[PDB]
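Engineer: So that we are looking at the same thing, I have put the structure below in structure tokens.
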Amino acid sequence: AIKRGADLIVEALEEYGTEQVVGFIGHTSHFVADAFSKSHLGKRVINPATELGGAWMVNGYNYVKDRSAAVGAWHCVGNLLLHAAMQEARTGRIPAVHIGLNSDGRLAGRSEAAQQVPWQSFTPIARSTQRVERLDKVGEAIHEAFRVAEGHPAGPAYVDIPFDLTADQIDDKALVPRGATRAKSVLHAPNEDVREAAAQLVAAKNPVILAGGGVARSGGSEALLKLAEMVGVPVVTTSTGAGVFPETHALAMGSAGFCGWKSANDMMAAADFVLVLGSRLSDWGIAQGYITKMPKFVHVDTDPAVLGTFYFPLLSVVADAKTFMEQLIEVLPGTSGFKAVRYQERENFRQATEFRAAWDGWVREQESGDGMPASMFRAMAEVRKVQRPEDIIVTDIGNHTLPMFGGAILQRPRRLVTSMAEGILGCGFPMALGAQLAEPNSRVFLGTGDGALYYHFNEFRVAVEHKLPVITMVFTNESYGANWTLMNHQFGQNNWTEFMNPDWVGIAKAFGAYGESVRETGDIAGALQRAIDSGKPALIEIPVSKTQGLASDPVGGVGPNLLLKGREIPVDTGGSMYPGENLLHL
Amino acid sequence: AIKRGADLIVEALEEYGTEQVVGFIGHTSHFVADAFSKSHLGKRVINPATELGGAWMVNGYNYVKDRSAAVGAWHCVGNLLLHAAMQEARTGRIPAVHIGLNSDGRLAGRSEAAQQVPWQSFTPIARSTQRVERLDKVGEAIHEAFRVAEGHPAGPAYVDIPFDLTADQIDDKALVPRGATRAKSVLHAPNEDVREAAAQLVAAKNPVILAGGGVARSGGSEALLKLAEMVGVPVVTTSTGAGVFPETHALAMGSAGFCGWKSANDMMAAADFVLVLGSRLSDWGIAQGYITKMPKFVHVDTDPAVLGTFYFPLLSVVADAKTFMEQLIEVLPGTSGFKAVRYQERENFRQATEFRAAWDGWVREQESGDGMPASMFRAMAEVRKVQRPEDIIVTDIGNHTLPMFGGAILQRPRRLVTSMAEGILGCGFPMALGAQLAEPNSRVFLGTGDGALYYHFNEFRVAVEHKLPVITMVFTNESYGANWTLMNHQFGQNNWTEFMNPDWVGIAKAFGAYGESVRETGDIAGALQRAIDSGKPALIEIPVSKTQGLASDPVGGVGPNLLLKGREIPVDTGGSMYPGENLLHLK
Amino acid sequence: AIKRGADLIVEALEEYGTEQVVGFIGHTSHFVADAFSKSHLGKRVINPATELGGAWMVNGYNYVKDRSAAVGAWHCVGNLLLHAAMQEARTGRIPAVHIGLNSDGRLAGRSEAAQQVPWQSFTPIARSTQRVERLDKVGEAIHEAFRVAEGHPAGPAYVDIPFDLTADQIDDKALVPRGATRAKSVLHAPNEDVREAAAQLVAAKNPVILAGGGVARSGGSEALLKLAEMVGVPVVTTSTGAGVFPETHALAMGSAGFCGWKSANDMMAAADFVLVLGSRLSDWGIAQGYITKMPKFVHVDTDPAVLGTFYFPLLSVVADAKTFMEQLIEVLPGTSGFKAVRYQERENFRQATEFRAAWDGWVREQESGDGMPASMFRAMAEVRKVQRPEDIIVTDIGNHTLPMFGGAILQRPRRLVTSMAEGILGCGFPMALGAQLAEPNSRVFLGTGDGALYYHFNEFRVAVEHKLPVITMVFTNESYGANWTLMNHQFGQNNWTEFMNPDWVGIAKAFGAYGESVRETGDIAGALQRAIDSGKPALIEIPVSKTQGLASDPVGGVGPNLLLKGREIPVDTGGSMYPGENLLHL
Ligand SMILES: Cc1cc2nc3c(=O)[nH]c(=O)nc-3n(C[C@H](O)[C@H](O)[C@H](O)COP(=O)(O)OP(=O)(O)OC[C@H]3O[C@@H](n4cnc5c(N)ncnc54)[C@H](O)[C@@H]3O)c2cc1C
Ligand SMILES: Cc1cc2nc3c(=O)[nH]c(=O)nc-3n(C[C@H](O)[C@H](O)[C@H](O)COP(=O)(O)OP(=O)(O)OC[C@H]3O[C@@H](n4cnc5c(N)ncnc54)[C@H](O)[C@@H]3O)c2cc1C
Ligand SMILES: Cc1cc2nc3c(=O)[nH]c(=O)nc-3n(C[C@H](O)[C@H](O)[C@H](O)COP(=O)(O)OP(=O)(O)OC[C@H]3O[C@@H](n4cnc5c(N)ncnc54)[C@H](O)[C@@H]3O)c2cc1C
Ligand SMILES: Cc1ncc(C[n+]2csc(CCOP(=O)(O)OP(=O)(O)O)c2C)c(N)n1
Ligand SMILES: Cc1ncc(C[n+]2csc(CCOP(=O)(O)OP(=O)(O)O)c2C)c(N)n1
Ligand SMILES: Cc1ncc(C[n+]2csc(CCOP(=O)(O)OP(=O)(O)O)c2C)c(N)n1
Ligand SMILES: [Cl-]
Ligand SMILES: [Cl-]
Ligand SMILES: [Cl-]
Ligand SMILES: [Mg+2]
Ligand SMILES: [Mg+2]
Ligand SMILES: [Mg+2]
Ligand SMILES: [Mg+2]
């Protein structure tokens, strides 16, 4: 059948499992938008305030789905706004396909052309960058983008299509590849690696299992609970792994790292052996700026590139996390030294429970005060009174990230959302909208700084139009508080940190959202209940300190080193001059 | 003397003429911010709501100054938001230096590193992209950045500095290059070319001078006025040249192009000869999608790369526009055929004045009407009543661009501001703020669509804190109106075009800005007076139709061709298969 | 200890298993060459005639080793000659680390600098491109290069080091990473994939096992012989898999593809099911220009990116080849329908043996003629009379490639060498020298065209100095014979194809190599024996036809389509003009 390129693009996106489009109109996306209007997927299009806001919504949707279920589709020059969000998808292992419609290919390469988008600016960012030259390659390119996006590692794929190809027509026989099959990701380890790992776990005096985001992608929660109880081993997570192990269990230490739980950092400092499952041991994760001292460890991952890149394991294993744990459960009864004892009667139990109790007491101290400015831990304690086990906690980047991580106590995977890998400010609100779109049975609570909310609160248009009842707490300190704090630690003086806020309640009201300020009432619990009862997206303005959280609160961190001290650098004495130095020798 | 890298960056920036810093804090920019607080640049730093809004401020400031007087200074990952504004600077010839402070160079190349910014993403965009490896190269790199940014062509330069270098210390002797004097840009044409141009000008029956943005950069307004009156030749501009020739003058046809003045398009369709000065004859400018048919022309530019790239001139000349005009004024009295008479007495005068009068009549007609929605031409007629020669008009991108260009009548250079080269939606508000910062005692009027204002109205934080009294008209139609209109033509139905607006008056009030709606009153005139009296940034809501402007209004355009008709493309029958086609051959 | 950067580079290369250096002097490599002179590896440095010749020697050495045992080390501007060889390492999955010493970092970025090498020219080619900015990163960068080079997929890694860092000195504590461990590559499939594959193999009427170069990298020869005999299934290979199955066995069909064995192409056209082990199903391999019609197939690979990129399998499996075959052997006795029958009594045996016999008869016809010009199959039959099972057959690219592939009958893996993935002319001689260096118990026979030998016969300097007794047959036709042939098929006329040859015997004698021409004697067997007895590198000049081989001989190929027919292309009628068209409208 003769088909337009725009209709072939839509067909391909449906074939590969696209649920949700985030698209922006312009003459280069006109044919694609027309084609979407005639398709099932046309019913699910978000038109965001900006393309960067929309790209963040793709990230939040796909982070919780672990596939490229949301897809961006962008008129030419709007693609120039994608880079920040695309970079987070790359290091954060978020599958994300983006289709950029460039200007007419007839006008490419002309020096005085308008809106000829430099697609090679994505080459250092996307896991796959393709410029499509020919209509008969449009299906093939989209198939490749999905294959790359949803691989191991997951990430972003960008497809640049000059829009004349979307108007042009071709007979469609076999053009969109169909019948594609994926290999299973249930990679099994060899027996001798399993037996080694089991022997180490049993022999250790103070073992720990470290579960990262790969345990969530693997689906390994059940196996992890069984394995931890069978061996009697405390569980530490990364921030993307939090919730794969129920955080109210006796063995749950929470997340390690610099915005994590001190019980987890205590346990990592005490441990003599770690089994690492589905973690990349990253800079702002377990590595803490490449300062953390890892105990002897076994490292299990589906991506060999993460294994031994920086931390050298006792043993590196290419295997699926759930599968490896199931293999361990099978081998453990025939492992020398193994005895079936209830985890509460193991010799290591009391130490772990003491670390957790100390942390819980510290959290109770942070949360229990009343009045203004509010503690962000109090705010989170109020959220946990109204929180369901499928609900999603979202945060932005700043001082506030620490209380959001520390006050989230989670029972399910992929419930904690932010720009985890890159720490890009402003992510929180639009990522929360994308997560809400993906998870309509989840209540979504966002704790955002004021500096952060400034970036993409324009997306209240989307929240209101699409009836997305995200509950946003804006923590107001009229500051980039992390930076106020750190600059005063570093220099004794802040600069570039302070700003005004609008009347946020007035902003919410102007968009037809629910708005309330607790500046005078302190009534966080009441405001949460009113916001939930509204059925609308909500904005609760909560005054906070400039200093509480990431840049101040002691959670057992060692890094990262970002207040670095300068070194004195030898000049070059080889004889060559600086530019303009010739004038000094006259 | 031992200096930190941060201090050396500030010293270099000062040496090369920086007046205004737009900066964003984060740990990688901490040392730089601390160093700026010790400088006379520290006082005035703008900390924008987002880095892309700030980069648009840099572009508005520098577009009106014609030098990189504003600089950006950005914490690592905030650099990832620069690319759209940087691309406008590249094709739009805006000088702009951006200093990106990357994460620690010790951590670079590690696969699981955080915030290691891919500076090579700028390589296809900036005129110059540099990654600094060594502290002793920090001065040198910044010197090079200004050299490129302020050359011919002007454009953006990006410098990536791992921030450990900003903390490190070194002895400063000769490290910051000082004391350069740049080459003059008053490039003179060969006398033979000047003579040839004068001979064509005099011989033509219906000549036109086409003056682009290079006449503004050249400072050629006085020479152009003398030349045009001496020969008695109508003046057409580009959108970046508008205002180089006073648009109240009887010879002024306005700007040619598809959002231009029909008088200018009529003139260019009538002309038998054009002298093109300081124009790149661009796609969304004079070329209108490479459809415009140029008469025989002489082309004068400082950048050889624009001369003969697409339109082949009769004669191409590498020269400065003001200089070339001065040369031609000197030779004209000795040119065979030249007659010294008042321009009003020339045979070609009446036709030009007729084009202008017809256009002015049409504009008057668009200003008329008595209710709601309002005409955007009416809105511009009201702005003209309160507009001085030094005042700046800013637009965003959409249907509203055509009435803003058609209602702006300018008499000085560099008074009309937008994302000219790239058409990037959202530019208007933050570029207006940057123009206001560059010219604190000029009044700045912005006409913006509602889809446009959505992008960077967060920068009301900057406008209110810095008391930048931009007067913004937001034209409300609850739509991407250009697209609503074009898609209804193309397909019979719009899609992806309609959206909710907030209460814009309420948004302004929540920031402490002046706000008013004319929806019930029609009182644009009073709203402009109240907005001006407020001394605050102001927002005037004006409801408009979905259709008025770029997608509907006839201005004599021929292009561009964006409502494409597709072609039917043949399938490859050479034998090779599609992916997956193997399954279709199984029996 | 305080150490120079040059000494740290040497230390790192030794730590990661480097055996052989190929290096080129210049002031930027002076410190590195001095450092090598003080080390164990210093004893194994080849200084090639050119850097491209040397890069090809790295490729040949590492192709047969399946690790980056050879390493290039190059003065600045000589790195500009590496790209061709580097591209073959990338698509050909050859591990190869190259260390480029750039000019002084103090002079980088200056517009009028000399010898500042654009290392970003490698970014689209190498699997890893790194520019080292800091002395304390030199060890770390080399460790990363090896990790990437020796991964799955294998490939080239380029490290650019400004040479001032190689003169500079630093305390060495922990700078060169030591104690690195690799994960095993014995990835196991899940049982249900094993059982599926076994059920298909047993149920098929006319199965085939297709073994590619991954069976060689895996070490799977023993398991493949067992599995093929147990199930009674003919074996087809790719050109990089040839020799993993003994090519004299009754079940051996040889290599499929356009320069392969017709028995293999016949068997692929007859088969109802294929088990593909360690093949990427590539363009100039099994795909034959994306024309080959694959039967229903199971696809087993360690690199998920190859699985389902173009040919969509019944089932895709991420697993090691040897391991998967061992899993199949274990499952087969409990697979429904399986009976233990001698392979000679299976119903499919006679068909396979008939295909092989037809091919063998055709080869005997090609080889059996005497006189001049010689048949290249006769030449290969003479080599097989003097060939040991560890000996290596090398070819260049041209008409001659077909008789070299067709006359090679191999018993061991990694014995057939050329620029397999990219077909880059001139590879053969320097790749043969690298293979000889790696495999000193192998006699190396190169069959090269004349056009090919022209590129790197300057490397006779290396062959003679290092006493590398490669036996080179130069097939002389005074032509780019493939192109003479194909152009006459395509157009009825050749152009740019014909050239003179030097007196090749005189060239060999001038270098102190053994030289002989059979132009008048026909005495190929005698010349081989004299060349072997010399103990020297040898050059035997053998006149051949312009047309025999790749461009003419029918081996059951279907592709690739490189004599493509042009299509008539619609002009653009949108209204926009061409450059300069304005003058036509005046
Ligand atoms: C301000 C800020 C503070 C932060 N504080 C912390 C903190 O305190 N603690 C913390 O942990 N992080 C923190 N982060 C997040 C951190 O930067 C990283 O994003 C995070 O630690 C990475 O988690 P991960 O190692 O589990 O790997 P992910 O990025 O989640 O990657 C998943 C890993 O699992 C592997 N994998 C995927 N599927 C499978 C499978 N089926 N089987 C096996 N392996 C699989 C992948 O190959 C990869 O190695 C912070 C971020 C910011 C911005
Ligand atoms: C929606 C929309 C509508 C638009 N409609 C129009 C329209 O109707 N008409 C229009 O003109 N544009 C229009 N534009 C703008 C258009 O895209 C271009 O930005 C503009 O036309 C370019 O102007 P220019 O040719 O003068 O060159 P500029 O981009 O201003 O560049 C300056 C030129 O002068 C040269 N130069 C610089 N200094 C000197 C010197 N000293 N001497 C000599 N030469 C010098 C430079 O090398 C260059 O060639 C529109 C843009 C948009 C987004
Ligand atoms: C002139 C010319 C003619 C040619 N003619 C032919 C021809 O007739 N026939 C032919 O086959 N080729 C031919 N080639 C070569 C062809 O271009 C390819 O180089 C070759 O076919 C690729 O072989 P392969 O598919 O086995 O993959 P390779 O390139 O050998 O790659 C190895 C594959 O095995 C996988 N792998 C690696 N280790 C393992 C493991 N442990 N377990 C499982 N999988 C593993 C890899 O991921 C990869 O997919 C020709 C080349 C030229 C230049
Ligand atoms: C795009 C971008 N710009 C700047 C930063 C640097 N940064 C990291 S945290 C932070 C403070 C954010 O302020 P806010 O949201 O108010 O949170 P608070 O620290 O006050 O809790 C900043 C500016 C960044 N990570 N990303
Ligand atoms: C970043 C970006 N996204 C999309 C476009 C496409 N576009 C061009 S004009 C326009 C309409 C803008 O709407 P608005 O500001 O309301 O103006 P109106 O057409 O209603 O006057 C759009 C979406 C663009 N140029 N840039
Ligand atoms: C570097 C490079 N240049 C050109 C070619 C194109 N090419 C492929 S085969 C061939 C013929 C080689 O001639 P020769 O070595 O004499 O072999 P013959 O065809 O005569 O057997 C040529 C030129 C190539 N593959 N690589
Ligand atoms: Cl547009
Ligand atoms: Cl940050
Ligand atoms: Cl040299
Ligand atoms: Mg804050
Ligand atoms: Mg100069
Ligand atoms: Mg609008
Ligand atoms: Mg030849």
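Residue numbering in chain C adheres to Swiss-Prot, whereby the residues present occupy positions 2-587 in order.
We read in the header that X-ray crystallography, 1.4 Å was used to get this structure.
Backbone N, Cα and C atoms are what each Cβ position is placed from, and that goes for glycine too.
Pasting the relevant annotations from Swiss-Prot:
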BINDING   C:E52  thiamine diphosphate binding site
BINDING   C:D451, C:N478  Mg(2+) binding site
REGION    C:400-480  region 'Thiamine pyrophosphate binding'
Engineer: Which binding-site residues of C:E52, C:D451, C:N478 contact ligand 13 in the sense of C-beta under 6 Å?
Structural biologist: C:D451, C:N478
Engineer: In the region 'Thiamine pyrophosphate binding' (C:400-480), how many residues does DSSP assign to helix, to strand and to coil?
Structural biologist: 34 helix, 15 strand, 32 coil
Engineer: Determine the Cβ neighbour count for C:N478 (Mg(2+) binding site): the number of other Cβ atoms within 10 Å of its Cβ.
Structural biologist: 24
Engineer: Counting across all protein chains present, how many other Cβ atoms fall within 10 Å of the Cβ of C:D451 (Mg(2+) binding site)?
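Structural biologist: Step by step: centre on the Cβ of C:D451 (Mg(2+) binding site), count other Cβ atoms within 10 Å, giving 25.
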Engineer: Sorry to bug you, but what's the C-alpha spacing from C:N478 (Mg(2+) binding site) to C:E52 (thiamine diphosphate binding site), rounded to the closest Å?
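Structural biologist: About 28 Å separates the two Cα atoms.
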Engineer: Under DSSP, is C:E52 (thiamine diphosphate binding site) helix, strand or coil?
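Structural biologist: In the DSSP reduction, C:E52 (thiamine diphosphate binding site) maps to helix.
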Engineer: Using all protein chains in view, find how many other C-beta atoms are within 10 Å of the C-beta of C:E52 (thiamine diphosphate binding site).
Structural biologist: 23
